[PDB]
S.K.: 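Sending over a structure as structure tokens; questions will come in a sec.
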Amino acid sequence: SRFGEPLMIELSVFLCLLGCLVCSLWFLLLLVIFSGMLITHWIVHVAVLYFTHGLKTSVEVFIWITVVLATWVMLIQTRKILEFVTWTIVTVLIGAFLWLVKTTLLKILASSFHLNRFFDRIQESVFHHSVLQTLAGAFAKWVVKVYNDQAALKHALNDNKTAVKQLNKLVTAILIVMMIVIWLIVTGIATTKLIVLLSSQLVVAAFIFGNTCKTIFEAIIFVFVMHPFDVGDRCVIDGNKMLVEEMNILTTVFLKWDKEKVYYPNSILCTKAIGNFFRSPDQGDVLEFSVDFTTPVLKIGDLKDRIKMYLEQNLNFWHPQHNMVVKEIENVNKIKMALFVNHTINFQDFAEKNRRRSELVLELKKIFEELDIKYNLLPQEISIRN
Amino acid sequence: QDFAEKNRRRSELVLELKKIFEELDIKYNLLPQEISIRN
Amino acid sequence: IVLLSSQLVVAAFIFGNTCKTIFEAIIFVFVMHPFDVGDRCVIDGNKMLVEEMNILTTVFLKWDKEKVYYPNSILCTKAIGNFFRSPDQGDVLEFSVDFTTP
Amino acid sequence: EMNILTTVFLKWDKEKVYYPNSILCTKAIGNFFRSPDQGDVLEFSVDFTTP
Amino acid sequence: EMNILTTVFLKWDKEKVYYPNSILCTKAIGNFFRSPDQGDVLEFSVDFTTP
Amino acid sequence: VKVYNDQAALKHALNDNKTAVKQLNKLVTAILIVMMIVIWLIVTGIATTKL
Ligand SMILES: CCCCCCCCCCCCCCCC(=O)O
Ligand SMILES: CCCCCCCCCCCCCCCC(=O)O
Ligand SMILES: CCCCCCCCCCCCCCCC(=O)O
Ligand SMILES: CCCCCCCCCCCCCCCC(=O)O
């Protein structure tokens, strides 16, 4: 596991000049320009940071084609051949448009997923590594924590890139297919019988792949929009405290307290209430106990006072705020009580939580012995027959 | 809305009930058990 | 125009159910409006403080401050208690005494 | 209170509860207000040997 | 064995069990083979007066 | 003889994890054949439009 483990190449400038040289008069000059008009788009782009760098090339294609179609329209059985060509160009532009849309949406999703959530953890990681580099020119525990946190960020970053690439493949594939169909029908190539068969194929597919498409969509919303947890977070699902090992579109992989690896479908996880200790504020806890009904109220008062002193001597572990609650009188034999305390940590480090609680439980033991707090069973009257 | 406060007030009432039972000598006892001994 | 409309129909067929869910969540948040941020609510016996409200999810803190994310698509079908909006509340102390108590 | 989408109830300890009509309408609902005089039961036990 | 419609498993007592994949598709599945070294717990109790 | 018996055991151990693929192949092929029948009927013009 990742967590829990024990020459032509640069001839474009020249090519562009050669293309310009192609005409100096007349009507076909725009058509000729199209052959190397990409250079013009590149220059326009130069003339025109995450989105900018990632999208400029998609924009260039879109506008490039738009111009080619516009000049084509204004340029002019060759009669039917040209109708065909015109529509082919239109289809190509539609394709580029959709391409641009697709790219944009994935860039938004991919970026906002992390940029608006853990920017600050990245900066903390950089800081600590700068410090380690400087130092080189409980210390060891600190050093290990710094490396483990960096690894966690690397894993989150890689899983996001992967998930987005998977989305990219699904969308690209459907986009390509629909563009083929669009081309065939707008150009007039497909005939009535072909339209009928394509129509049927789509309808049938709509049923077959219906649940699949819905499931993927819901999984995307769960993972990227709701985002109840990240990689490495300790989460609670139906009472199971589990560490998130990996996130994917269809599944989330978790490690149980005993490090069993669990594959948990997102289509199920989407309907559950999910806890997240990593994202929690300092967490609290409870120690329940019972005392005899005859315990003097003064000993109850001494118990409260002794507990307060303990907690105040250990402020690295406990917040000063606590409550002692008397809850119930059972028969006239038992008083049920509970101690409510506040930890100075959240529970991402579960073992540390238990160690601190364990000491508090032993302190309670000690206080009861010193104050002579006891619990007795009710007496039983016996009658003897011979 | 404030649970800690609710419980503090309730705890005092529970301890008052304790006090009243002691002052009025109110008790609970288990049913007697008859034993036959065959040695 | 026809081709565009045709695909909207197909998309509806396939994703209409997720859109339905989002819409239902909108009605829960803005029309039913069972709670606000900072209120203590009771869901399935769990007394939780509302920390954040969103369209798709509600974030709550449990008594031990564990942060919990509930889909609104689930809260829409539950009965929700709200202590903030409640009038003065009552309580019970149960006990038992000997039969022979005068 | 009553509304179209949800009914609001108070429990015996007066917490206020929002209860969707979409779930409430599939439950059997008792109504004490509309009820006739109601009955009750005291259960108890005695020794077998009681004459 | 694995097939498209069903998965065949052996229980600890080697009973052969046939699961529809359509139901496994909705379950959380543990996999020991793929797991890192696993941990364990021994629970016990002692007298309160143990020093 | 041990070498050949071990070779056989290994070939089976490896082939046992590919049974789902073989099943998918049969399914895909059946679909593909049907698609080609339909294509033949249409591309040669033998089918008419009412049918
Ligand atoms: C259902 C159509 C495919 C869905 C999109 C591609 C896969 C999305 C990611 C899900 C996890 C699959 C890849 C990891 C498998 C593994 O554990 O080796
Ligand atoms: C009719 C549905 C179409 C829109 C599909 C996109 C998903 C709905 C809008 C998401 C709004 C943000 C939800 C809260 C996210 C958060 O928990 O921070
Ligand atoms: C999908 C549309 C839902 C809106 C139509 C129903 C109108 C609201 C019904 C009452 C429930 C909300 C209470 C609002 C307060 C009020 O106006 O009395
Ligand atoms: C060709 C369509 C048949 C309908 C059933 C769909 C699955 C294709 C057939 C592959 C076999 C599925 C597993 C059954 C167990 C076995 O083969 O022994």
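Residue numbers begin at 1 in each chain, while the letters A, B, ... track the order of the sequences. No hydrogens, no waters, no symmetry mates; every other heavy atom, side chains included, goes into these values.
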S.K.: Take atom CG of E:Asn3 as the centre, draw a 6.0 Å sphere, and report whether it contains more than 12 heavy atoms from other residues, nucleotides or ligands.
M.R.: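 Yes, CG of E:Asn3 has more than 12 neighbouring heavy atoms, counting only those of other groups under 6.0 Å.
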S.K.: For atom CE of A:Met309, is the number of surrounding heavy atoms from other residues, nucleotides or ligands below 6.0 Å larger than 12?
M.R.: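 Check passes, neighbour count above 12.
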S.K.: Counting a contact as any heavy-atom pair under 4.5 Å apart, which residues of residues 257-268 of chain A contact chain E?
M.R.: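 Under the 4.5 Å heavy-atom cut-off, A:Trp257, A:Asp258, A:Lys259, A:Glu260, A:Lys261, A:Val262, A:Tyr263, A:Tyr264, A:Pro265, A:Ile268 qualify.
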S.K.: Less than 4.5 Å to any heavy atom of chain A: does that hold for the side chain of E:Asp40, its backbone, both, or neither?
M.R.: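 Contact with chain A involves the backbone of E:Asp40 alone.
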S.K.: Taking only residues at least two apart or on different chains, which pairs with a member in residues 210-252 of chain A satisfy ring pair (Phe, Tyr, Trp, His ring centres under 6.0 Å)?
M.R.: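 Every ring pair (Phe, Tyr, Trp, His ring centres under 6.0 Å) pair that includes a residue of residues 210-252 of chain A, provided the two are not neighbours, is A:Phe113-A:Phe224, A:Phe113-A:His227, A:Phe217-C:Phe15, A:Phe229-A:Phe254.
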S.K.: Could you please state which residues from residues 352-373 of chain A sit under 4.5 angstrom from chain E, measuring non-hydrogen atom to non-hydrogen atom, sorted by number, or 'none'?
M.R.: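 Only A:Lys365, A:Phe368, A:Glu369 of residues 352-373 of chain A have a heavy atom under 4.5 Å from chain E.
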S.K.: So what's closer than 4.5 Å to chain E heavy atoms on A:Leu255: side chain, backbone, both or neither?
M.R.: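 When you check distances to chain E, only side chain atoms of A:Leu255 fall under 4.5 Å.
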S.K.: Does anything in residues 41-50 of chain E get under 4.5 Å of chain A by heavy atoms, and if so which residues?
M.R.: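 From residues 41-50 of chain E, the residues near chain A are E:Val41, E:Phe48, E:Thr50.
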